[PDB]
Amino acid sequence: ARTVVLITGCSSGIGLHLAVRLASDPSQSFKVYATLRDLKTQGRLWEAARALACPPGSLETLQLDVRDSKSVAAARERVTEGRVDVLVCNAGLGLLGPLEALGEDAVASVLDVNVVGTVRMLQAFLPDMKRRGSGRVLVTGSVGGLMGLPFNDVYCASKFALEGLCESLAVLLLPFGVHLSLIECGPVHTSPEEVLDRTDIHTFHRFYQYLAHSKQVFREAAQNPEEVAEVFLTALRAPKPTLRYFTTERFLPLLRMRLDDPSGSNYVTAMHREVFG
């Protein structure tokens, strides 16, 4: 039969592009369930699917809010085939700021969505994969999950968390026939009085230095979602897929140098200089 794929966060960005890219495969091997936090936002997804003339029956949309395990469960049941062959945990939020400037609500939401939401997906869907003896799981990773970056403290915390969660599972799942892969993405194309009042003069200084230098890095390094989507394909098609795929080699140098020094301090020293000019 068709390979059944379920992808979260499908309304914009990487999810959309992967969803339509699989639905329009001319072998037409893929039945795609594209899931969205709000089904009302699906319009843009359907336009891109028409533009590739996705055969009807190749792409179905569901509501799936990863904060809520009832919405996760309900979505699992809407998979009328009664299996998922490829699960793509892509739903994620950002958070940028001096740590002490972030509300408690915001910090928790990032963790609730990027980490706990991924745990909910895996809890719902891994058992049937394990029963069948096969399955693929692809998780939207970050270079931020491999190296820490100033003012992304909670974001990197959630992406590092995904590394640990997915690496922990992969060790168990290898002989269950289930293959877990992280797609490590770099950047992807898609008042100040407050900051000062909630921080201090030096932190405030370093944050606008950061926002300025960061924008230069996206301009050079940012990838289009369609390019990243291809990396998911490669992983998906790989016969013996590996734990990580990098969408770019741009940060292998800083990554190798981070791994040279266990104490951590060369990474901190270098990253500081490189970020703060």
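Take the two forms, superpose them, and find the largest set of C-alpha atoms that agree within 1.5 Å; that set is the rigid core. Residue positions are given as counts along the sequence shown, with the first one as 1.
Remark: when the other structures in 7 other deposited structures of this protein are fitted onto this one via the rigid core, 39-47 deviates more than the alternative among 58-66 and 39-47, judged by RMS CA distance. The rigid core fit leaves 218-226 as the farther-lying stretch in 7 other deposited structures of this protein, judged by Cα positions and set against 242-250 and 218-226.
According to the record, 4 to 9 deposited residues between residue 190 and residue 191 are left without atomic coordinates.
Judged by mean Cα B factor in the deposited record, 202-210 ranks above the other of 202-210 and 91-99. With 115-123 and 192-200 compared on mean CA B-factor from the PDB entry, the stretch scoring higher is 192-200. Going by the entry's values, 50 shows the largest Cα B-factor out of 244, 67, 50, 37.
Residue 75: CA B factor in the lowest third of modelled residues in this chain (values from the PDB entry). In this PDB entry, the Cα temperature factor of residue 143 sits in the middle third of its chain's modelled residues.
Among the modelled residues of its chain, residue 173 has a C-alpha B-factor that falls in the middle third, as given in the PDB entry. The PDB entry assigns residue 30 a C-alpha temperature factor belonging to the highest third of its chain's modelled residues.
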